[PDB]
Each structure stands twice: as C-alpha cells, then as structure tokens.
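Heads up, the chain shows up twice below as structure tokens, two forms, tagged structure 1 and structure 2.
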Structure 1
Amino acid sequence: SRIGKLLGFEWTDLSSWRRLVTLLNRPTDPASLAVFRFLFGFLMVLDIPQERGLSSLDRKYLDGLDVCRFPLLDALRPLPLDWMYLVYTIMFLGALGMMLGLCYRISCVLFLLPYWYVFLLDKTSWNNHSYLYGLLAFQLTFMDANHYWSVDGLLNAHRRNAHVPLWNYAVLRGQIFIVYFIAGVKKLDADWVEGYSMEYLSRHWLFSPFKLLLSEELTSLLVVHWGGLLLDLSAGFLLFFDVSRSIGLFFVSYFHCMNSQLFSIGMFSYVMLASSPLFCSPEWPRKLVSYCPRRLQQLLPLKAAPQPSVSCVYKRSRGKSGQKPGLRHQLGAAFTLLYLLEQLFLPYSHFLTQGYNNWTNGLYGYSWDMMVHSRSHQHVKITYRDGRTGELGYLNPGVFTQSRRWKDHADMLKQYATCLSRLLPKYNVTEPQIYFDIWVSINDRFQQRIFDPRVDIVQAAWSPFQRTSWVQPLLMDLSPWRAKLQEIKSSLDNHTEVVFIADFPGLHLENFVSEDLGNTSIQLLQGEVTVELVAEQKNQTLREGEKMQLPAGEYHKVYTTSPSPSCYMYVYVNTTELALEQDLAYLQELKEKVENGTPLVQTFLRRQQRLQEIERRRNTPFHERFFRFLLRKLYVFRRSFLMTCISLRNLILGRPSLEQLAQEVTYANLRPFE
C-alpha cells in the first residue's frame, strides 16, 4: 500500500457506489468531534450577547419608530419586541444545550432556526464569520457529536463512547479547507498582489521584528500581502498531511493569534484556532489525557475501548461478510458529496444573479473575500420633487436607516427609495420622485459616481437576474494614475487637502464652497472641462495642466465637455483653522515665554487633558485596562439578562403600570460597581 497512509484509503475504495458508501461509513473515534462541539457551543454562547445584538434589542426594535429595513425577502418582517426577546432566549438555550450535549438534536434545531431567521431579517449585517457560524451549526445538526463528553451519556448508556461514521470528520475538514482555498483563490487580484488593499497595516507594533531587516514598503508588500496569500493557499495542504502537520499548525496558530489582535472580528479567530485539531487523529484527546500525571488520571472518565454503534458500518474479514447499506448509510454519503459541491459552487455563482452585481460581484457575506476592497465615500446627496406642486427639496442622507451599506448596492437603494416614498407623505410631501448622487473611491482610486443621478429610483426597474442599467461603470483605465496621485498627496503640506474627481461626459458637478475655505483652486489633469461661476454667469474652458482659482461662499459648476472622462483635483486649505492655530500658537508661546522669564483656550486645554490621559494610560500597566474590560463585559451581560427577564415577565404575566417598568429600566441600566 504505497498510497494508504498519505491519504487514508486506497484507489479501489472509489471504484463503485457500494465501495464508496462502505468507505464513508467507516467507524471512528468520536473524541475530537466531542471536544470541537463543546468549544463551538461555548463560543456561540459567549458570542450571542455581544455580536448578535441582544444588548441593543430595545434600541433596534422600538415599538413605534420609523425605520427602513433591508431583508432578503420583503415578505419577512420582524415581530414585536417581547417576541424578539423570546426568540433570542430560545437561541441562547439552544447554544447552551449544544455546548453541554444535553438533548443534543432538539438543542441543535433550537439554535439553528432563530439564528437563520435573524440572519435573513437584515442584509446589512452579513459578513463571512456569521455565515460560517450558521454553516457549522447546520453541519452539527446532523452529526453524532454527543457520543463522548456529553451529559446524555451520563444519563443514557448508549452515548457513552460509541463509534461515529467517517464522513462526520470529512465534511468538517472539507469545509475548513474550502474557506482557506476559496480565500486564497480570491486573493489573486492585482489590487492585492500589488499592495493596495492593506497599505497601513504594517505600521502596527506587532510587525516590529520584520522591520529590523526590512523596509516599511518591503514589509508591507512582502509580509502582509504575499505572505498572507501564500499562507491561505498552503494551509489546508499543510494541515492534511502528517509529515507537515506540526509546521502547518504552528503557522496557522501564529496567523490566527496575530489576526485576533490586529482586527475586531468577534470570535472568528478562536473558532479557526479550535477547528485546527480536527485534522489530527480522532483519538488525540485520549492520548492527551493519558500523558497527564497519574494524580489527575483517576477523576476523569476512564479510558476504555469504544463500543459499537448503529450509525457506522463494520466490514471485517472474519467478523461476518458485510452489511447491506440501508437508508441511513447512503444518505450520509450523498449529503457529504452534495454539500461539498454546493459549498464549492456558491462563491462562483455571480454570473446567474446579475441584479446583485455592482462594481463588486454579489452581496457581501458568502464568498470568502475578506479585506480585498476598501471603500471611501466623499459625498451623498438626496433630492426629491413634489408630485403635486413641483418644488425641489433635499433630505439628510440616511434619515430612517440604522446602517450605511445602502450606498453601495442597487437593491438596497431601491428598498430605501420605496421606504422613503411610503414614509414621506407623513411630512406633507405628495408622491415624490427621488434622485441620488453618491461619490465613491475604491482602493485609492479617483472619486466617481456609482449611480446615475438623473434617474428616478422609485420608478426604476430592478430584477434579481437582470443586470442593472443605472449603475455607472468603474473607470478601470485610470488605475495606473495611483502612483502619481500618491506622489501629489505626499508632496503637500500639513494643512493642505486634495480631492481627486473623475467625471463622465455629459454630466456636471454643482459645488458650494464654504466661506472659511479660502485659497481653493482646481487643476485639470486629463480631458477638458468648463467652470461656470453662478453669481457672475461667466464660463471658462480649461486645458490639461491649467489651474483656476475659485471664490469662497459662492456656487460654481464644472461641466465635462470631452468625449472621454476627465480628471481634475481640488486644492484647498481651511483658512479659519489656519488663523486660529497660528494665533493660538502665538498666545501660548508668549504666555510661556513670559512665565519662564475663548474657544481656543478651551480646545487647547481639552487637547492637553487628552494628551495627559493618553500618557497616563501608556505609563499604567495592563492590569487596570484588563479590569476595565472585564467590567464592561460584565455590564453588557447583566444588562442583556435583565432586559430579557423584564420582557419574558411582560410576555408571561402582563405589563404593569408605567411606573414599575420605568423603575426596572432605570435599575437595569445601572453600572454594577465602579
């Protein structure tokens, strides 16, 4: 058997459906599966009050406030606040039951259903690790993970060390390998292989040892980008094979420990750290409990040979001939194959749902593309026209929204426009027509429009499977300007700002320059533009390299007259801020020189107080910050528990008068002890 220890099976095991079913139902030790179940349940229990939003349920789902919401299906609606609290309570009970191993399958369903309901209620909170938590719960619902270290065995002789089928480990290993490979297959973009995605990450103090032998640019390009891509592409292969398992384990442990401190991503790094020993032998916890000293080997459960179980199948040369697979042995193999195929296909299915394709493909959350694209937003304008009188008005951007992801997607923009159209008649506005003007730059590009500003979105056509026509294409043949843009930006002072704009032919930009923005100019970089002064009604054509000075406190318009897109930039300085800073410096220097020999004073003293606080925090040890962190966490947990108790009591018995409820609310918001 040449290949019988590098892969775990032989080529003859895949020569028939029956042989494949026999191979995939091979009995296995369940200890590692049990440890993983315990750890995932604990992590989900800890995660529910923090990231799932139990501590802000009253703020999010108030009784009678006007909110625009973005569900995947518009038919999906939230429940009243008390029923929302009940849903969260059921989810928490399910997570606790999953962790303990008590009533395993009912607990699995009780966690799985409200979690996915909450996920599908709101598209603006989707990310990759929440999607992964849902997928893992779905997998664990169909697994025999309560056969070792549960409470079910310590009450029912059947689930005390029994065997499990082989595909339970196969599905989990395939899932972890998929995410790793998929993540390393989406990092083959030129915006990442060229060092644009995370250019400021290497400035952290955690990259100091690399700077000893490398420069800043070289440590940003060599280590953060290419090193990360290599780790992503090689982690699964390194972990699969046992000759490289220790090296791979050390690398992934360092990677996830670094990521836990670099970002704020909840419990994703710890789930990834805990999912790595699933690649080792299924019996490693037994060896670990055997290696410990004998003085602690008499209180833990005894180590014995695992008992036979009905879930798996037994093929022996002398122990009878064979058992014909039933309806349970073939279903596991079919589920494994189909689930792995679907997990492989879904991150590459964007050619079918074209109505969700903006500058970036698909909705964010299920494609394993983390930290590849970074967005900057310069300006948002919303304008309406009254349908009965005809006046024009302007709205504050994001009035009835609780998030900001509506500026990048056309489906969310359509939902927001419909919500605004339905809610505006409450403010003496007849059937309106709404227009949007949003300026975005992606990965340090030219700022441009994403949507057509001349199209009314209330009547615009949107379909899930049709490409949207009112989305402005990304100007790809302008990216090589980035080096010149960085040169220009670095060639400025400490009180001068610059904005780079790319405009489409046939459109125009209306801009009101603030009164305090003295010394504002515009320089043409490509194409041709015309600048119109509104007060003086005077036009002026510009050619490449031309610079023009603009007045403050007035209106001006820029017209794009080239047959191709044109690029220009704004240079401006806050004259009021400059004068205030210089006179503050004058006054402070004079006072200090006299000593050694009024909003500005307030700002300076508060800045000095901030610096003193920062210095004191730097000088103090980390134990005080640890105590503060623990106090904050305990406050969050206590408030969540008290709110849940109040809501449950209201639901079960009945709401009291408007005094006891206020007293309870005031009591719950009390800090435990300072």
Structure 2
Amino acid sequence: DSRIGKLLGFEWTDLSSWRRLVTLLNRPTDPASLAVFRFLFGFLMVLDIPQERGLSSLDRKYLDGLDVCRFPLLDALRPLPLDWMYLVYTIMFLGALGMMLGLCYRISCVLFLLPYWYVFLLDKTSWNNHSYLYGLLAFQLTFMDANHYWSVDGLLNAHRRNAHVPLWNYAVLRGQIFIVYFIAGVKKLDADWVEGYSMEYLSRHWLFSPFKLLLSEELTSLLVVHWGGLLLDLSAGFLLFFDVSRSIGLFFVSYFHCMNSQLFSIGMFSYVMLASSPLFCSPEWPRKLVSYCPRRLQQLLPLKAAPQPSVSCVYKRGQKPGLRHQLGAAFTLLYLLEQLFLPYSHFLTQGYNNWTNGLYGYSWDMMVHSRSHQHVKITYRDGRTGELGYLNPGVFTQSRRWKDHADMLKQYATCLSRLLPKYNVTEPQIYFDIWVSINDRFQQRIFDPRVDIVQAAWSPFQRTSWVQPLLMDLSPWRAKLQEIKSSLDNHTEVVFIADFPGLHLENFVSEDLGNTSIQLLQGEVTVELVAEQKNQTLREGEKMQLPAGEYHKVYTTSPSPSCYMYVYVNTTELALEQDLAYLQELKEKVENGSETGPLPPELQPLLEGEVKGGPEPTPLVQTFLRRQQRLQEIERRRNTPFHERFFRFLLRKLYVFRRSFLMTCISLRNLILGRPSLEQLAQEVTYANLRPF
C-alpha cells in the first residue's frame, strides 16, 4: 500500500529482523523469465564454444611437442595433452546443452562451470570482461532453481513442473547486471573518456551517419560516442528497475547493444546483455505472452496455468525458515558485497598494478585505454663467454599482452631462461626495452632497461621496483602534438619520444630512410654520432640532420624528462612512386594514341600483361603489375552485392563448426580405441580441413 513498498517491492518492516529478511528473500515468485534467460544463455554459450573459446584452433594452440611460454595465473597449472583438452571442451559442450534444455540441471551446470574456469585460469592473455561475466553467470545459475518451467526435467519429475522459485534468484541476477552497468559508468569518469581521447576514431563509422546531419564530426565524437555511453551506463543501471522508466530504458539499451555488436568484434556479449535486459520485467511475461496466442500455438508452447506450491519457499499464513533459505539469503548478500568490492581491490594485489590498475578482465573498464607500441628490444648476455646478442621480440609466444604487465614479463624471462640452452646459450641475463603510449601521449619506456628480469624481484602483494612511472605531466602536450601532426606532407612521418634522465636511446637509421631529422621540444639532450665519435648538446627549438645508414645515440642530461621528435621520410618509396607514375604516364600516352614511336621492349610486357616467351621482367615492371592487380582486386571486392557477402559468411561459419566437430571426434576415438597408423591419421586430418563448398 505504501508508495515505497510499491516502488521497491518490499516494506521497511520486512527488514526489522533476520527472519523477516529470510522470508522476503525466499517469497514465492513466477519462474518463467528465469527459464527464458536460462535457455538463451545456454544457446549463446553453445554457439560461443566453437568460435571464441578456441575449439577450432585447439589443434594449433596446445599442440604436443611444441615449446611455448605459457601465462597461467598459478605456475602449478599446466595444460594437459591435446586429446584430453578436446575431451574437456566436449564436456563443456554437453554441459551447455544440458543448461539449454534443462536436463539434469545441476550436473550440467557443474560440468559447464569447472572446465570453463580451468580454461580461464590457464591463460591470462585471453581474459576479457565478457568472459568473466559468463563465468559469473554460470556460477550463479548453478544454485538457482531455473528448471521449474519449460524444462525437460519438469517432464521427468512432476514436483519440478511449473513450480515456484525463491525471489533471491532474480535479485542476484538483477544486482549483477546493475553492478556491471554502474561500475562501467563510474570507471568511465576518467580524464581520457570525458575529454574525447579514448575511442577518438569510432565516430567515422557509417552507423553514426544520421547524427552528422545536425552535428560536426568533432562534436559527434564527444556528445554521442563518449558522454552518451556514460549517461546510458548509469541510467540503464537505474531506469530498468522502476516501472515508469522501463520502456525508454529498454529502447535505449537495445539500441546501445546493437550498435556495440556492429561496431566491435566483442562476440556474444551484446546478445547476452540483450537477453539479460528483459529480466527486469515482471516475472510472468512469458506466461501472458503464451496466453495471447491462438489455441493451436498453445498446444505446443509451455503451460499457461498458475504455478504450484514448491518446497524451496517460505509461505506466510507462519512457517519457520529452515536451512536452505538462510543459506540463500547469506549467499545473496555476501556475493553482491564481494562483487562490489572486487573491482576496487587493487590496493591489495599491487604486484599486478601497472600504468593501469590490475590484470584486465574484472574491472569493467571497457574501451577506456588504448595502447600503441613502437619498438621492443630483447637483449641477452651469455654467462660463459660474455657475448651480447638480441632475440626476436615475440619468440616462443602466442599473445602480445606481455608488453604491458610485469608478471607476464617475469614468466617470459623464466621461459626463455629454460629454453635458450637448447640453442647454445649458457645461463643468460635477459634485458627488456619496451616503448608504449596510452591514449596518444609521448612514447616512453615501461620497464627499466638496466635490470636483469631473470633475477629481478617480484611478489604479488608488493609494488614492483622496475616499472617506470607514467609521466602524466606531459598530458597537455597532446594538443600541440596534434597540430604538428597536421603540418606534414603526404610522405613525411613523425614519432614523438619522451625519455628519462640518465638513460640513453641507441638507434640505427636504415639506409632507405634518407632525410631524417631530430628536433627537441623540451629539456636538454645530447646527440652522438659514433661514426666519428662526435656529440652535440641540443637546446630548445634546435634541429639536426641525422646520418642515414649509421648508428646514433641520444642521451638525456637534464634533471627532468626530455621530450623530442623524429621527423623522417622514405626516399626509396618516393623514388619508386615517381618511377611508377612515369611508367603509368607512358602507358596512358601509348593508349590514347600519343607516342607514335615504337615502345621499348621493357614496356612490351606491360601492354601484353603476361610474361610468356620473353625475358624476365625487371623489378619495376613486376611492381607495377602487382599494384595494378591489387587495385583491380580491391575494386572487385568493393563491388560485391549483399547476398553474396551473407552467403560467404554463412559458409565460413559452417566450415568452423564442421572442423571443430570432426577434430573432436578424431580426438575421442584416439582416446578410446587407441591411435591408428600415421597414414590413417593423415587421411582423417585431411578430410577434416576440407572446405564445405
């Protein structure tokens, strides 16, 4: 009767004592919406396992005999052989199907949950928010009685057919979605999201075309892309709960999720969120929807009668709550409190802290930092001879997130330490030098280049002493730099660098990069040419022309960081482009009737277009023919109707599914009936990879 009771759904007196709270959290409610969400979540995870989890690519990620460096959360965990991994993914698929159809619900939920987290913890480079959310939802649904309506288990057991469910099942899911939206909103109250830096280039997509009728591009990328996201996150947190605002909230949230689905390649996240949005509606919407149908449809759709009494609810008449009700209430409160606390728990696990906070995946900071790496140098010193050599940047690795986290760097260093003795290197000392810029700042080092990472000190709960601080004092320079970016020709390029005091950068300008210059913006630096061992100290606003094809060094010799820039152009490409333009002009002159004189023999292949019965073409002719072919191919690609594109998309997805299924079958046969001869294995593997056509 009270307005607060109507709006919030409960009275204040319900919270006076613990028993009343348990009764409130275990009151009867309709099961229909929970069942629909169960079905959609199961179907989406079934589609997601062969696509993103990596079942199709599992034969080239956990291959036996290959030496790779892993990045697991705990060093104790190690991958199993390939066949057992395929078995694990098969169990995942079976669990997802069971959740979808509601057949043996608890067993299916466990079979989905345990393998999923085993795979999730096995590699930190495959962590993202939409995977953590799926894991959390699977964890939650293991305890909720979501099989009471529209489930096969209902048909096999009368007691669980169209029965009541406790209210905390809906409350936990609603709180989870609200926490996702609200924490995403509050995390986006950062200087790099409210000022237009993050996602600065997403306003050029054609989906934003109508907004450009009334707004300029600069304003469209700030009011709509950035501020709209923040407002929608917070409001979609709040709007859906209340009855007044649910329609507008649903409209805006659905539009938001569809646009996110089209703009990005996140995967199934948008569809799961769309499926979760109806959960805030009344718990009986599918029942009334089934009622509003012809009788013919009602003979196939789920039941429309009112639900029966259950045993997992507290009924007011009174009934003394037992044990499961109290456990449910405690689980709800503790789980929601833990979900609130965990995204802000970065002051305890300071070992994983970096320029950003903590490992990525459990903070809900989506699309808030973008990184641009320039160079990665890995040096090694042998412990027997003293030789100094350089390794390839990404050897014995499958992901490139080790350039931004210290712990992954330590693991990579240990892996290299154990693997290099196979290549005639004794106990080495390995150094790393990595350049990275966040949200278009000056490029600066992330780890100290003078520290042996193999013998460095790292613990999870102490701050790392070899991570350079983010120089945020040079943030406003991003204005001026942009102006400098717009003052160049179509050939020149610019790279901005900010270096710490004491350190030095050694660089080798390639012979191709003629006309390379260095200019100083702030600080004091000294540029040294080692060809003649001559060093000059540069002051503010001074420019120098570096040699091309030699070694040079830049030292920082100021109490504060020094900011400078490299401006360079590629001479070889410019000369090649001039020659190509000349050749095209000659071809056009021949075609239009001018240049009546006989063509040179080198030009004859160009008109003929085929190297048959003649001398091999020069590199220039080959380059021209390749460019023409590439341009024609791109033009043909552009002029493709929609239906052909859709058909190709469907065929590719069918290929992925078929390969996953056949490889899983081969692995299971190998486990059960043993491994046949190599020829049969080769034949089966060849048959698996065949394109559908």
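Residues that one form lacks are left out of the comparison. For the two forms, the rigid core is made up of the largest set of C-alpha atoms that agree within 1.5 Å on superposition. Residues are numbered by position in structure 1's sequence, first residue being 1.
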Residue among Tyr572, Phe604, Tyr364, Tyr339 with C-alpha shift of 2 Å or more between structure 1 and structure 2, core superposed: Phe604
Yes/no, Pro293 Cα shift of 2 Å or more between structure 1 and structure 2 with rigid core fixed: yes
Cα displacement of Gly64 between structure 1 and structure 2 reaching 2 Å, rigid core superposed: no
Displaced residue check between structure 1 and structure 2: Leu634, CA, 2 Å or over, core reference: no
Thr620 CA shift between structure 1 and structure 2 in angstrom, with the core used for superposition: 3.1
After superposing on the core, C-alpha shift for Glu487 between structure 1 and structure 2 in angstrom: 0.4
Mobile segments between structure 1 and structure 2 [3+ consecutive residues, each C-alpha shifted 2 angstroms or more, core superposed]: 292-302, 598-621
